[PDB]
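What follows is a single structure, written as C-alpha cells, with notes after it.
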Amino acid sequence: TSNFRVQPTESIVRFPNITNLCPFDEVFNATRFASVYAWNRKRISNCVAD
Amino acid sequence: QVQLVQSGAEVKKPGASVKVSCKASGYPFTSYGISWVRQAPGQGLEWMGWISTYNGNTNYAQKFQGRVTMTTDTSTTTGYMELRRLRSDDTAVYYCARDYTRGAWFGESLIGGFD
C-alpha cells in the first residue's frame, strides 16, 4: 500500500567555538585617541568579528 | 568563572634558577594578556612582567630588565617564567593576573587593570 517513516522532533546546531576574537576592544577602549587630521588606521584580519 | 592557577612553593638555593608556570581558564585566553606582579613579605606589591598572549611581545621593568625570561603556550594556555641569578632579597610571593592595561594585539594602552 504505502511507505512509513518517522519525523524529527527537535533540531540541534553545533559550531566550533568563539576563539581569538578580533581586537575590537583595543580599538574602542584605547586610552588615548588620535586627532582627526591624524586618524589612527589599523587592519584587522583572521579572527571572529563579534 | 575566570580561574587562575599558580604553581607550588620553590626551595631553590642561591646560584640557581626558578621556573614557574601560570594557568588560566574560564575566559578567552587570546583576548587579553598576562601580567605578573610580586610582593615582598612585609612590603607592598611590585610589578615585574607583562606579556601579550597574541604575538609574544613582552615588557619588563628596569629592575628586572635582564634577570627574567618568559614564554607562553597557546596549546594549553600556560605561561612559563624563568628567574635567574637569585639573591637573598628574592624571597617573596609572585602573583599571576589578567592584564587590562596594555593591548594584546597591538600593545595599545587600555583603560582598566588586573581583574
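Chain identifiers are assigned as A, B, and so on, following the order in which chains appear in the C-alpha cells; residues are numbered from 1 within each chain, and ligands are numbered from 1 in order of appearance.
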
Self-check item: Distance-based interface of chain B with chain A, 9 Å, counting only C-alpha atoms, as a ChimeraX atom specification
Solution: /B:28-31,54,101-111

Restricted to C-alpha atoms, what would the selected residues look like written as a JSON list (two decimals), in the first residue's frame?
[["chain", "number", "residue", "atom", "x", "y", "z"],
["B", 28, "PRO", "CA", 39.19, 33.92, 26.24],
["B", 29, "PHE", "CA", 42.95, 33.42, 26.59],
["B", 30, "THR", "CA", 43.87, 35.29, 23.40],
["B", 31, "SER", "CA", 41.60, 38.28, 24.10],
["B", 54, "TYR", "CA", 48.79, 37.03, 20.93],
["B", 101, "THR", "CA", 46.20, 47.98, 30.83],
["B", 102, "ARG", "CA", 48.05, 47.02, 27.62],
["B", 103, "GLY", "CA", 46.63, 45.61, 24.41],
["B", 104, "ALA", "CA", 47.21, 42.01, 23.38],
["B", 105, "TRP", "CA", 47.28, 42.54, 19.61],
["B", 106, "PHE", "CA", 48.98, 45.92, 19.10],
["B", 107, "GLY", "CA", 50.07, 46.86, 22.62],
["B", 108, "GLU", "CA", 47.86, 49.95, 22.82],
["B", 109, "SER", "CA", 47.27, 51.01, 26.41],
["B", 110, "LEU", "CA", 43.78, 50.21, 27.69],
["B", 111, "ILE", "CA", 41.69, 51.67, 30.50]]

Quiz item: If you count only C-alpha atoms, which residues fall within 8 Å of residue 64 in chain B, apart from same-chain ones fewer than 4 positions away, as a PyMOL selection string?
Solution: chain B and resi 48+60+68

Output for the residues just chosen: C-alpha atoms as an mmCIF file, in the first residue's frame:
data_model
loop_
_atom_site.group_PDB
_atom_site.id
_atom_site.type_symbol
_atom_site.label_atom_id
_atom_site.label_comp_id
_atom_site.auth_asym_id
_atom_site.auth_seq_id
_atom_site.Cartn_x
_atom_site.Cartn_y
_atom_site.Cartn_z
ATOM 1 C CA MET B 48 57.725 42.550 37.373
ATOM 2 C CA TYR B 60 59.814 44.226 31.611
ATOM 3 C CA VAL B 68 63.957 37.070 33.854
#

Practice problem: With a distance cut-off of 9 Å and only C-alpha atoms, select the neighbouring residues of residue 12 in chain B, excluding the residue or stretch itself and same-chain residues fewer than 5 positions from it, and output the selection as a PyMOL selection string. | Solution: chain B and resi 17-18+86

Writer output for current selection, N, CA, C and O atoms, as a tab-separated table (two decimals), in the first residue's frame:
chain	number	residue	atom	x	y	z
B	17	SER	N	68.26	28.77	39.28
B	17	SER	CA	67.17	29.44	38.57
B	17	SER	C	65.84	28.81	38.96
B	17	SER	O	65.78	27.64	39.34
B	18	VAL	N	64.77	29.60	38.84
B	18	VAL	CA	63.44	29.18	39.25
B	18	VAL	C	62.51	29.22	38.04
B	18	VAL	O	62.45	30.23	37.34
B	86	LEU	N	69.55	34.33	41.42
B	86	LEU	CA	68.87	34.54	42.69
B	86	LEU	C	69.77	35.24	43.70
B	86	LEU	O	70.99	35.08	43.69

Quick one: residues within 12 Å of range 80-84 of chain B, only C-alpha atoms, excluding same-chain residues fewer than 3 positions away - as a PDB file with N, CA and C atoms, in the first residue's frame?
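What landed in part-v5.pdb:
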ATOM      1  N   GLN B   6      48.299  28.834  40.019  1.00  0.00           N
ATOM      2  CA  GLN B   6      49.737  29.025  40.101  1.00  0.00           C
ATOM      3  C   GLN B   6      50.399  27.759  40.633  1.00  0.00           C
ATOM      4  N   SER B   7      51.719  27.702  40.484  1.00  0.00           N
ATOM      5  CA  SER B   7      52.480  26.517  40.858  1.00  0.00           C
ATOM      6  C   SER B   7      52.676  26.488  42.375  1.00  0.00           C
ATOM      7  N   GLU B  10      58.704  27.106  45.979  1.00  0.00           N
ATOM      8  CA  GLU B  10      60.019  26.721  45.486  1.00  0.00           C
ATOM      9  C   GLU B  10      61.059  26.913  46.581  1.00  0.00           C
ATOM     10  N   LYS B  12      64.428  26.806  45.934  1.00  0.00           N
ATOM     11  CA  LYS B  12      65.678  26.965  45.204  1.00  0.00           C
ATOM     12  C   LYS B  12      66.707  27.716  46.042  1.00  0.00           C
ATOM     13  N   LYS B  13      67.967  27.344  45.861  1.00  0.00           N
ATOM     14  CA  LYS B  13      69.109  27.903  46.562  1.00  0.00           C
ATOM     15  C   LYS B  13      69.761  29.002  45.735  1.00  0.00           C
ATOM     16  N   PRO B  14      70.532  29.888  46.368  1.00  0.00           N
ATOM     17  CA  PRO B  14      71.240  30.922  45.603  1.00  0.00           C
ATOM     18  C   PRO B  14      72.176  30.308  44.572  1.00  0.00           C
ATOM     19  N   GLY B  15      72.289  30.979  43.428  1.00  0.00           N
ATOM     20  CA  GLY B  15      73.070  30.479  42.318  1.00  0.00           C
ATOM     21  C   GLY B  15      72.314  29.609  41.338  1.00  0.00           C
ATOM     22  N   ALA B  16      71.030  29.357  41.575  1.00  0.00           N
ATOM     23  CA  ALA B  16      70.194  28.545  40.706  1.00  0.00           C
ATOM     24  C   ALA B  16      69.104  29.411  40.078  1.00  0.00           C
ATOM     25  N   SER B  17      68.257  28.773  39.275  1.00  0.00           N
ATOM     26  CA  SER B  17      67.173  29.445  38.575  1.00  0.00           C
ATOM     27  C   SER B  17      65.842  28.812  38.956  1.00  0.00           C
ATOM     28  N   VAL B  18      64.773  29.598  38.842  1.00  0.00           N
ATOM     29  CA  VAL B  18      63.437  29.176  39.250  1.00  0.00           C
ATOM     30  C   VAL B  18      62.513  29.220  38.043  1.00  0.00           C
ATOM     31  N   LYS B  19      61.786  28.130  37.810  1.00  0.00           N
ATOM     32  CA  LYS B  19      60.800  28.055  36.741  1.00  0.00           C
ATOM     33  C   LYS B  19      59.408  27.947  37.346  1.00  0.00           C
ATOM     34  N   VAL B  20      58.517  28.848  36.940  1.00  0.00           N
ATOM     35  CA  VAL B  20      57.167  28.916  37.488  1.00  0.00           C
ATOM     36  C   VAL B  20      56.171  29.059  36.342  1.00  0.00           C
ATOM     37  N   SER B  21      55.038  28.362  36.462  1.00  0.00           N
ATOM     38  CA  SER B  21      54.005  28.369  35.435  1.00  0.00           C
ATOM     39  C   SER B  21      52.700  28.913  35.999  1.00  0.00           C
ATOM     40  N   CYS B  22      51.974  29.640  35.152  1.00  0.00           N
ATOM     41  CA  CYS B  22      50.627  30.110  35.456  1.00  0.00           C
ATOM     42  C   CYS B  22      49.667  29.538  34.424  1.00  0.00           C
ATOM     43  N   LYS B  23      48.500  29.090  34.885  1.00  0.00           N
ATOM     44  CA  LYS B  23      47.469  28.515  34.031  1.00  0.00           C
ATOM     45  C   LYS B  23      46.197  29.341  34.167  1.00  0.00           C
ATOM     46  N   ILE B  34      48.825  38.610  29.795  1.00  0.00           N
ATOM     47  CA  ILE B  34      49.169  38.042  31.095  1.00  0.00           C
ATOM     48  C   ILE B  34      50.194  38.951  31.758  1.00  0.00           C
ATOM     49  N   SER B  35      49.891  39.401  32.972  1.00  0.00           N
ATOM     50  CA  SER B  35      50.820  40.185  33.767  1.00  0.00           C
ATOM     51  C   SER B  35      51.185  39.424  35.033  1.00  0.00           C
ATOM     52  N   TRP B  36      52.366  39.727  35.563  1.00  0.00           N
ATOM     53  CA  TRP B  36      52.832  39.085  36.781  1.00  0.00           C
ATOM     54  C   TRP B  36      53.451  40.119  37.705  1.00  0.00           C
ATOM     55  N   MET B  48      56.489  43.018  37.986  1.00  0.00           N
ATOM     56  CA  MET B  48      57.725  42.550  37.373  1.00  0.00           C
ATOM     57  C   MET B  48      57.609  42.306  35.875  1.00  0.00           C
ATOM     58  N   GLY B  49      56.487  41.770  35.389  1.00  0.00           N
ATOM     59  CA  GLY B  49      56.432  41.421  33.978  1.00  0.00           C
ATOM     60  C   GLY B  49      55.063  41.576  33.351  1.00  0.00           C
ATOM     61  N   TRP B  50      55.070  41.785  32.033  1.00  0.00           N
ATOM     62  CA  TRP B  50      53.852  41.770  31.236  1.00  0.00           C
ATOM     63  C   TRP B  50      54.156  41.081  29.915  1.00  0.00           C
ATOM     64  N   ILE B  51      53.154  40.418  29.346  1.00  0.00           N
ATOM     65  CA  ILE B  51      53.320  39.794  28.039  1.00  0.00           C
ATOM     66  C   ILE B  51      51.963  39.718  27.355  1.00  0.00           C
ATOM     67  N   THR B  58      56.738  41.087  24.803  1.00  0.00           N
ATOM     68  CA  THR B  58      56.940  41.070  26.245  1.00  0.00           C
ATOM     69  C   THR B  58      57.476  42.417  26.714  1.00  0.00           C
ATOM     70  N   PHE B  64      64.148  44.462  36.605  1.00  0.00           N
ATOM     71  CA  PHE B  64      64.254  43.108  36.071  1.00  0.00           C
ATOM     72  C   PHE B  64      64.450  43.126  34.556  1.00  0.00           C
ATOM     73  N   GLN B  65      65.262  44.069  34.071  1.00  0.00           N
ATOM     74  CA  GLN B  65      65.473  44.208  32.632  1.00  0.00           C
ATOM     75  C   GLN B  65      66.161  42.983  32.045  1.00  0.00           C
ATOM     76  N   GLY B  66      67.171  42.461  32.732  1.00  0.00           N
ATOM     77  CA  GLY B  66      67.902  41.316  32.227  1.00  0.00           C
ATOM     78  C   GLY B  66      68.022  40.174  33.215  1.00  0.00           C
ATOM     79  N   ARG B  67      67.020  40.007  34.082  1.00  0.00           N
ATOM     80  CA  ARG B  67      67.045  38.965  35.099  1.00  0.00           C
ATOM     81  C   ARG B  67      66.030  37.852  34.887  1.00  0.00           C
ATOM     82  N   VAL B  68      65.022  38.047  34.044  1.00  0.00           N
ATOM     83  CA  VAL B  68      63.957  37.070  33.854  1.00  0.00           C
ATOM     84  C   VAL B  68      63.736  36.852  32.366  1.00  0.00           C
ATOM     85  N   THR B  69      63.265  35.659  32.015  1.00  0.00           N
ATOM     86  CA  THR B  69      62.789  35.367  30.672  1.00  0.00           C
ATOM     87  C   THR B  69      61.436  34.681  30.784  1.00  0.00           C
ATOM     88  N   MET B  70      60.654  34.747  29.710  1.00  0.00           N
ATOM     89  CA  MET B  70      59.281  34.265  29.727  1.00  0.00           C
ATOM     90  C   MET B  70      58.915  33.641  28.389  1.00  0.00           C
ATOM     91  N   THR B  71      58.003  32.673  28.434  1.00  0.00           N
ATOM     92  CA  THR B  71      57.438  32.058  27.248  1.00  0.00           C
ATOM     93  C   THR B  71      55.971  31.760  27.518  1.00  0.00           C
ATOM     94  N   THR B  72      55.195  31.651  26.443  1.00  0.00           N
ATOM     95  CA  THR B  72      53.778  31.341  26.548  1.00  0.00           C
ATOM     96  C   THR B  72      53.418  30.246  25.554  1.00  0.00           C
ATOM     97  N   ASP B  73      52.454  29.411  25.938  1.00  0.00           N
ATOM     98  CA  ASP B  73      51.981  28.317  25.095  1.00  0.00           C
ATOM     99  C   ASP B  73      50.471  28.437  24.961  1.00  0.00           C
ATOM    100  N   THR B  74      49.999  28.645  23.729  1.00  0.00           N
ATOM    101  CA  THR B  74      48.571  28.758  23.471  1.00  0.00           C
ATOM    102  C   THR B  74      47.887  27.402  23.360  1.00  0.00           C
ATOM    103  N   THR B  76      47.954  24.911  25.533  1.00  0.00           N
ATOM    104  CA  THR B  76      47.342  24.695  26.836  1.00  0.00           C
ATOM    105  C   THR B  76      47.027  25.995  27.559  1.00  0.00           C
ATOM    106  N   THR B  77      47.312  27.145  26.943  1.00  0.00           N
ATOM    107  CA  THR B  77      47.117  28.460  27.552  1.00  0.00           C
ATOM    108  C   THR B  77      47.846  28.552  28.896  1.00  0.00           C
ATOM    109  N   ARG B  87      69.150  36.027  44.570  1.00  0.00           N
ATOM    110  CA  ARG B  87      69.829  36.696  45.670  1.00  0.00           C
ATOM    111  C   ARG B  87      69.030  36.473  46.949  1.00  0.00           C
ATOM    112  N   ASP B  90      65.379  37.926  47.163  1.00  0.00           N
ATOM    113  CA  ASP B  90      64.363  37.465  46.226  1.00  0.00           C
ATOM    114  C   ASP B  90      63.272  36.624  46.879  1.00  0.00           C
ATOM    115  N   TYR B  94      54.905  35.804  44.314  1.00  0.00           N
ATOM    116  CA  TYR B  94      54.604  36.293  42.977  1.00  0.00           C
ATOM    117  C   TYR B  94      53.180  35.905  42.598  1.00  0.00           C
ATOM    118  N   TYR B  95      52.513  36.775  41.839  1.00  0.00           N
ATOM    119  CA  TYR B  95      51.096  36.632  41.541  1.00  0.00           C
ATOM    120  C   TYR B  95      50.837  36.791  40.048  1.00  0.00           C
ATOM    121  N   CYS B  96      49.905  35.985  39.541  1.00  0.00           N
ATOM    122  CA  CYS B  96      49.503  35.979  38.140  1.00  0.00           C
ATOM    123  C   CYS B  96      48.243  36.820  37.986  1.00  0.00           C
TER     124      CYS B  96
END

Quiz item: Just how far from CA of residue 25 in chain B is CA of residue 92 in chain B, in Å to one decimal?
Solution: 25.2 Å

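Of the residues in chain A, those that DSSP places in helix (DSSP H, G or I) on the basis of the backbone are residues 24, 25, 26, 27 and 28 of chain A.
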
With N, CA, C and O atoms retained, export the selected residues as an mmCIF file, in the first residue's frame.
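Once everything was written out, this is again-v8.cif:
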data_model
loop_
_atom_site.group_PDB
_atom_site.id
_atom_site.type_symbol
_atom_site.label_atom_id
_atom_site.label_comp_id
_atom_site.auth_asym_id
_atom_site.auth_seq_id
_atom_site.Cartn_x
_atom_site.Cartn_y
_atom_site.Cartn_z
ATOM 1 N N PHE A 24 38.705 44.331 18.665
ATOM 2 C CA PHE A 24 37.788 45.463 18.667
ATOM 3 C C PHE A 24 37.846 46.233 19.980
ATOM 4 O O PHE A 24 37.674 47.458 19.985
ATOM 5 N N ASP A 25 38.087 45.537 21.093
ATOM 6 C CA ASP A 25 38.237 46.212 22.378
ATOM 7 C C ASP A 25 39.461 47.120 22.386
ATOM 8 O O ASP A 25 39.424 48.214 22.960
ATOM 9 N N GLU A 26 40.554 46.683 21.755
ATOM 10 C CA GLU A 26 41.756 47.508 21.700
ATOM 11 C C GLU A 26 41.514 48.810 20.947
ATOM 12 O O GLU A 26 42.026 49.860 21.349
ATOM 13 N N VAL A 27 40.749 48.762 19.862
ATOM 14 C CA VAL A 27 40.451 49.960 19.084
ATOM 15 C C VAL A 27 39.447 50.852 19.802
ATOM 16 O O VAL A 27 39.613 52.073 19.856
ATOM 17 N N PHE A 28 38.393 50.260 20.369
ATOM 18 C CA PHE A 28 37.362 51.065 21.018
ATOM 19 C C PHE A 28 37.832 51.606 22.363
ATOM 20 O O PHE A 28 37.590 52.776 22.684
#

Quiz prompt | Between CA of residue 35 in chain A and CA of residue 100 in chain B, distance in Å (one decimal) | solution = 23.7 Å

Practice problem: For residue 43 in chain B, work out the shell of residues within 12 Å, counting only C-alpha atoms and skipping chain neighbours fewer than 4 positions away, then give it as a ChimeraX atom specification. | Solution: /B:38-39,91-93

Convert the current residue selection to file output with N, CA and C atoms, as a compact mmCIF listing (two decimals), in the first residue's frame.
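out-v9.txt, written as the output of this step:
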# COMPACT_ATOMS: atom_id res chain seq x y z
N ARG B 38 54.69 41.01 42.01
CA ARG B 38 55.36 40.38 43.14
C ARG B 38 55.19 41.25 44.38
N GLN B 39 55.34 40.62 45.54
CA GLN B 39 55.20 41.29 46.83
C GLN B 39 56.19 40.67 47.81
N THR B 91 63.31 36.44 48.20
CA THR B 91 62.26 35.71 48.89
C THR B 91 61.01 36.58 48.95
N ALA B 92 59.95 36.15 48.27
CA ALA B 92 58.74 36.96 48.13
C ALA B 92 57.61 36.05 47.65
N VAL B 93 56.48 36.65 47.27
CA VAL B 93 55.36 35.92 46.69
C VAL B 93 54.98 36.59 45.38
